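1. what would the 3D arrangement of this be:
(chains A and B)
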Amino acid sequence: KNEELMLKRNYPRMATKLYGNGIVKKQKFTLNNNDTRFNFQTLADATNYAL
Amino acid sequence: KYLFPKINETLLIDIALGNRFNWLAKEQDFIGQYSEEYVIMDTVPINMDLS
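-> Numbers count the residues shown, from 1 in each chain, chains lettered A, B, ... in the order given. This is the structure:
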């Protein structure tokens, strides 16, 4: 081969996998104080319902 | 809708790999071209009939 290829460049090559964002998940729930007291014959069981 | 997207980190994960034969690595001095190798052929003893 020629005596001039040592001037020639040779960069290393890489992989480069790119990752975007995740997803934010959410959930909601509603505790009523009005009609829920019509069930729950004691008071502690409503607190157990909450927890 | 006017901000530049922010990268967070680049990892460059890397592990090195071995040889599974590195205890065979004998080190000579890079002189000469050829190398030959030879054993002694056998020679069984003889009975001696000293007549």
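
2. what is the neighbour count of residue A:40?
-> By the criterion of other Cβ atoms under 10 Å in any protein chain shown, residue A:40 has 13 neighbours. C-betas here are computed from N, CA, C, even on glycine.

3. isn't it right up against residue A:49?
-> Yes: Residue A:40 is within contact range of residue A:49, at 6.8 Å (criterion: Cβ atoms under 8 Å).

4. which residue is nearest the middle of chain B?
-> residue B:25 (4.4 Å; Cα atoms, centre = their mean).

5. how close does that one get to residue B:31?
-> Relative to residue B:31, residue B:25 is positioned 18 Å away (criterion: Cβ to Cβ, to the nearest Å).

6. next: residue A:33.
-> For residue A:33, the distance to residue B:31 - Cβ to Cβ - is 96 Å.

7. ok, which stretches of chain B are helices?
-> Counting by DSSP state H, chain B has no helices at all.

8. go on, chain A?
-> A:44-50.

9. that one: strands as residue ranges?
-> With DSSP state E, there are no strands along chain A.

10. pull the CA atoms of stretch B:18-37 into PDB?
-> Extracted in PDB, the C-alpha atoms of stretch B:18-37 (Å, rounded to 0.1, in the frame of the first residue of the first chain):
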ATOM      1  CA  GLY B  18     -10.600 -11.400  28.200                       C
ATOM      2  CA  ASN B  19      -8.800 -14.100  26.300                       C
ATOM      3  CA  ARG B  20      -9.400 -17.500  27.900                       C
ATOM      4  CA  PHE B  21      -5.900 -18.500  26.700                       C
ATOM      5  CA  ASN B  22      -3.700 -15.800  28.200                       C
ATOM      6  CA  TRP B  23      -1.600 -18.300  30.100                       C
ATOM      7  CA  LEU B  24      -0.200 -19.500  26.700                       C
ATOM      8  CA  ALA B  25       1.300 -16.100  26.000                       C
ATOM      9  CA  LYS B  26       5.000 -16.800  25.600                       C
ATOM     10  CA  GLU B  27       7.100 -13.900  24.700                       C
ATOM     11  CA  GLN B  28      10.000 -14.100  22.200                       C
ATOM     12  CA  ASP B  29      12.100 -11.300  20.800                       C
ATOM     13  CA  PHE B  30      11.200 -11.000  17.100                       C
ATOM     14  CA  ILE B  31      14.400 -12.000  15.400                       C
ATOM     15  CA  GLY B  32      14.800 -14.500  12.600                       C
ATOM     16  CA  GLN B  33      12.100 -16.000  10.400                       C
ATOM     17  CA  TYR B  34      11.700 -19.700  10.800                       C
ATOM     18  CA  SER B  35      11.700 -22.100  13.800                       C
ATOM     19  CA  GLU B  36      12.000 -25.800  13.600                       C
ATOM     20  CA  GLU B  37      11.600 -28.400  16.300                       C
END
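
11. no further queries at this time; thank you.
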